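Have a look at the structure below before the remarks.
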Amino acid sequence: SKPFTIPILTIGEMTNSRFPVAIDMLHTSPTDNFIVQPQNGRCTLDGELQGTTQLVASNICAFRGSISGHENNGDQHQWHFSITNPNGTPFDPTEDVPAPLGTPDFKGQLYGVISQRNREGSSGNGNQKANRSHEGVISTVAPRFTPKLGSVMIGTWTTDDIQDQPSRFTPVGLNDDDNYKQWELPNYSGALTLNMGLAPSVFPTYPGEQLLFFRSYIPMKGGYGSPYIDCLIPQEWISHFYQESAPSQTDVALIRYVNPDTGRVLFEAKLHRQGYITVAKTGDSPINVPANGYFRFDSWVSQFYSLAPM
Amino acid sequence: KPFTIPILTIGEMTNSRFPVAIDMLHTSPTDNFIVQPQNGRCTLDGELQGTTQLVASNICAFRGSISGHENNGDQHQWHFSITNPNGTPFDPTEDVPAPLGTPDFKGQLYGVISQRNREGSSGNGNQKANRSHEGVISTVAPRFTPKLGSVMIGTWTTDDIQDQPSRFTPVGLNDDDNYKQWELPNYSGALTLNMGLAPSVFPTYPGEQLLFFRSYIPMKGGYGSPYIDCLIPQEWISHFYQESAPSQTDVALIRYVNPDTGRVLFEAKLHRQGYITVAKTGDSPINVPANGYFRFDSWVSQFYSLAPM
Ligand SMILES: CC(=O)N[C@H]1[C@@H](O[C@H]2[C@@H](O)[C@@H](CO)O[C@H](O)[C@@H]2O[C@@H]2O[C@@H](C)[C@@H](O)[C@@H](O)[C@@H]2O)O[C@H](CO)[C@H](O)[C@@H]1O
Ligand SMILES: [Cl-]
Ligand SMILES: [Cl-]
Ligand SMILES: [Cl-]
């Protein structure tokens, strides 16, 4: 009964839901040879968050917790980062969630800054608390990347100035993109273990359709390349659907990308109730649209509605 | 038409003056401050003000390019030419204080500058070299002139910053010794006064104080627990901007409710300019359940006497 709506925000006014950066462009490509199963940026149209998705863009690919020395064999440059929920409470692995909310959902070298503020002991003041921050890398393919079990390993370079203190990791980008695989999930509990509670994979089923992504290019610490990350819907749509909780009348909401000045429709797309978009497009290309453009809801249709080609 | 407030808890919302989740509500007297932040400024009918923009991740961020060292002879300092956040060139002639998202406080903004080289005479996105380094942007430096199109960034490296497209991702403060969250930087440097400012705000009704959404900020080093106070959360700003609901009076009466029990913890005045006041005297925390949130109840006058907090 409650009407379903889409935010009127332009692309440049919205945030990637898999990495805390503005969206750079719309993009489409064939993906039938990938398993497209991101865990951040997952929300049904009636507002059900899935996977590791939470509501604060600034907590995507962030970690909170504390350092407990080095790992059981690693370098003097590798540290045991015990992690909590983004709110400070212990992470409960018995819930069917893949990992603490916001955990990265790709195989790669997550680069950012670890910051510490001491808890302090025999004296007392929030002033007088010592602080330190350093660059660090969290490898999501490391044997000690076990966020579902409550810890990840963080590497720092020549730096040994890391204490057993409350810590937070602010993501910046990738250390390199040698083996960055955005459609390969990490093993959230380590080698040879089962990921549970995952948001499902998504795929176009209707002939001639591809997924439409919201794409952001992301920084690197070093090396060559222009890595990017594709999310299914923007973070601001997730926050909007979560609050509205409008029921989905069919499996597919027909949406039109419109220039609000002219009323011209640039193209149409299918917004699936699972929280992802398909277009009638073949090939690997950006979607050129005016900066003022946005998606508008038109009607509820079926999975068999045939979109105009774009 | 009908005005609404998001049903998010504070831990589900973002500070509109620095890209971090909100930690707590706080109230204190502000008589000895000019409270004129430029980020996190939006009217209830959805008019963005100051340097406010809609992407939380762009708060205290810069995009642009490095053009060598700054005018002096300091090998640690670099000239950061800045653009609009969407990559278009910044126009200094408009009545805006600075590029959107520029920091609105005096302090040492600490973060990471990242570079991805532009295409040359061979070229792929695959052939572009990258580098990132820690850096600090002092908002009181003589060369902090964002309204003139550039800021100075200091780095520990002296030799691995190129004249290339650059972005600054904020992380926190370098230290907090002279961090003043209620003092605006000189967006054009020392020769020129600030322009295009969102107006300053203060309580007026007897016994009222501003209510803030407060977040602690990380530091690169040094001692302290700095925090930053915003007037309304970024997610409220995004909501009001989209709704553009007309403000029926100058004051929305809002009640902070525990949704478990339905009990009202306290009531407050949400002013049409986009800030909150409460009936409380003194520097004080606000003890509320983590699940609570503000609910819009009715439009009242500036003369409405709030129940003491
Ligand atoms: C962590 C650190 O100290 N990095 C240095 C280092 O960076 C190098 C290094 O990581 C090698 C390892 O094979 O790979 C690159 O060369 C990397 O440099 C980075 O990437 C290249 C492509 C350039 O864009 C370079 O500017 C960038 O830093 O050495 C460099 C200088 O050689 C810096 O000293 C880094 O801080
Ligand atoms: Cl490991
Ligand atoms: Cl380029
Ligand atoms: Cl360095």
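Letters A, B, ... mirror the listed sequences (proteins, then strands); counts begin at 1. All heavy atoms count here, side chains included; hydrogens, waters and symmetry mates do not.
Aromatic ring centres of A/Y242 and A/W237 lie farther apart than the 6.0 Å criterion allows.
For A/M220, the parts lying under 4.5 angstrom from a heavy atom of chain B are both the backbone and the side chain. Contacts of B/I22 with chain A are absent, with no heavy-atom separation under 4.5 Å from either backbone or side chain. For a residue to count as touching a neighbouring chain, one of its non-hydrogen atoms must lie under 4.5 Å from one of that chain's; by this rule B/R131 touches chain A with backbone and side chain alike. Proximity to chain A (any heavy atom under 4.5 Å) is shown, for B/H133, by both the backbone and the side chain. Only the side chain of A/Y111 has a heavy atom closer than 4.5 Å to any heavy atom of chain B. When heavy atoms are compared at a cutoff of 4.5 Å, B/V112 approaches chain A solely by way of its side chain, counted from C-beta outward. Only the backbone of B/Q127 has a heavy atom closer than 4.5 Å to any heavy atom of chain A. If you measure heavy-atom distances from B/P85 to chain A, you find no contacts under 4.5 Å at all.
The aromatic rings of A/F241 and A/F4 sit tilted, their planes meeting at an angle between 30° and 60°. B/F168 and B/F62 have tilted rings, their planes meeting at an angle from 30° to 60° on a 0 to 90° scale.
Ranked by heavy-atom pairs under 4.5 Å with chain B, the first of A/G12, A/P171, A/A22, A/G223 is A/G223. Listed options A/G225, A/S58, A/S115 were ranked by heavy-atom pairs under 4.5 angstrom with chain B; first place goes to A/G225. Top candidate by heavy-atom pairs under 4.5 Å with chain A, chosen from B/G125, B/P19, B/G111, is B/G125. Of all the listed residues (A/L55, A/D176, A/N59), the one sharing the greatest number of non-hydrogen pairs under 4.5 Å with chain B is A/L55. Comparing B/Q115, B/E12, B/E134, B/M13 by how many heavy-atom pairs each has under 4.5 Å with chain A, the most go to B/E134. Counting heavy-atom pairs closer than 4.5 Å to chain B, the top residue among A/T15, A/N16, A/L9, A/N127 is A/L9.
From B/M24, atom CE reaches atom OH of B/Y216 across 5.5 Å, with rounding to the nearest 0.5 Å.
Using a cut-off of 4.0 Å between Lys/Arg side-chain N and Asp/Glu carboxylate O, B/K128 and B/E119 are scored as not salt-bridged. A salt bridge is defined here as a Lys NZ or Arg NE, NH1 or NH2 lying under 4.0 Å from an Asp or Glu carboxylate O, and A/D24 with A/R215 fails to meet this definition.
Side chains of B/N39 and B/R17: no donor on one and acceptor on the other come within 3.5 Å.
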- Candidate pair B/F296 and B/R255, rule side chain to side chain contact (heavy atoms under 4.5 Å, CB included), full reasoning: CA-CA 7 Å; B/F296 168 69; B/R255 265 62 177 267; over 6 Å; no
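Residues B/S16 and B/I237 approach most closely at CB-CD1, 3.8 Å, considering heavy atoms.
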